[PDB]
Structure formats: structure tokens, C-alpha cells
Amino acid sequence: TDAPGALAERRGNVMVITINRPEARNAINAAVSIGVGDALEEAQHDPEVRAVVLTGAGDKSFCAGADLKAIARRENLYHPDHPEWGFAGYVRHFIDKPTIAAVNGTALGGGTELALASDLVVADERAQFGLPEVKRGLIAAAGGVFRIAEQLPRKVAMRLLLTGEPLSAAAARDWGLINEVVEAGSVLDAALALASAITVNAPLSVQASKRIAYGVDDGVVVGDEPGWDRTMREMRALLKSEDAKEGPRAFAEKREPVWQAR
């Protein structure tokens, strides 16, 4: 085997990054973060690259979320040499070039956070979104807790965040959270077509427009810093809780968890 966690390939002036763990529903671990993060860095630096598409290998999963076995090992999910890029080497990894998530199937928790972190999203009609973290005693630590209400109407975002219940591709599109819903199996082609609608434009204009729209000073999205800081503060406490143990233990034991609030 020895296949990398993520592949990178070039379709003309678009870099296509494919999460490459279908045997594990394309869940994020450190190996995926290395593949994705390095490819994004290459995309940033190669002036022949005009856009990036992120997708998942196979026909069922974009990204099922953070790898639960890695969490259980109390293992870092991020690029080991680039903690500053966050989850998947992606969610706190600003690049000047447009990013499009091509959501080929399940996109729960971490998968939805990858969508939120992308500029644009095209989804297979079968794709499901959501932030179910609150059902397991953790939280959407990869940006979801503070970005969801930035990209969906506040009340709609709060229902998703607090219930942990999923959202169809159609409902995601209706709220303005993803851009387009496409026929089963066509998500990569559709995303490359959207990429083409951007890459025909003036590169310096697209790059400058991105930096201004996200409030970027020196490669950092300034406005996200308090969100990251608050998320990190809360996770530190939560990862120390008895309930964060019970969530996984209960799921495995096929019983409802019994929460203690400690």
C-alpha cells in the first residue's frame, strides 16, 4: 500500500487535491494534513496554478470528519510541521488563490468545516453536511463553531450547531452555504467548470479580492483569531472532561450516553 493521505494532480491551471483514505471514509488524520497542506503551499507558490479544488476519493465520502481512532490515541490531526495551518492542513491555511470544495459525498463534522474553510462549494446531490460533534462530547474545533453562523443565517446556524443534526445538499444550497448541487457523480467536473469561471479572470485582481474580502494581513485572516483563541480555550477544558470519554464509549457500546456535565 503506502499511498499518501492526499494526492495532488494538475488539470491544466487547477490543482486538484484528493483526500485519499476511502477505507476510512476520508477521515482526517496527520497523513491527510501533510498531503493537503503541502499541496496548498505548492499551489500558492506555483504561478502556473490559478485555482485549487479539494475533493474526496471514491463515491461515498468527501470527508466523514476527524478520524475518531486518532482522537482516541490523543493524537494530533494537523500537519505535524505546520500546526498553524490547523485541521487537515487546510482550515487555517489562507492562500491567495481560489479554493473550491468538490463534495462527492458525506461531509460531516470536519468535512463541513473543510467546506466552510473553502471559498466555494459544489456538492453531489447525495452529500450530507452537519456538525455532529456535540453528540460525542467534543465540538467543531476546526472552525465550525464560529464560522457556521458567519455563513448561514444565525438562527439556522445555531440549530445546526446545537442539535448536531445533518443538513441536505439542497438545504445547504438554499441557505447560501454551498454554491451548487449537481447530479450524482459529476462533482469534480462541475467544480473544474466553476474554477474555469474564475481562472479566466485577472490573477492579481482575484488574489487581491480574496485578501480584502477575508481581511487578510500578512497571510492571516485577522477576524478569525478571537474565534480560534476561544475554540482552543474551550477544547482544552472539554478534552479533559469525563463526558468526552463517555461519548465514544457509549457509541461503541451501542447504548445512549449518560452525560454527567463534567
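One rule holds for the numbers: they count along the sequence shown, beginning at 1.
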Should the higher mean CA B-factor in the entry be assigned to 232-240 or to 54-62? 232-240
Looking at the deposited entry, does 40-48 or 201-209 carry the larger mean Cα B-factor? 40-48
According to the PDB entry, is the CA B factor of residue 184 in the bottom, middle or top third of its chain, that is, lowest, middle or highest? highest
Per the entry's values, where does residue 73 land by CA temperature factor relative to the rest of its chain, in the lowest, middle or highest third? highest
Among the modelled residues of this chain, does the Cα B factor of residue 82 put it in the lowest, middle or highest third? middle
Split into thirds by Cα B-factor across the chain's modelled residues, where does residue 111 land: lowest, middle or highest? lowest
Position of residue 89 among the chain's modelled residues by C-alpha B-factor, lowest, middle or highest third: lowest
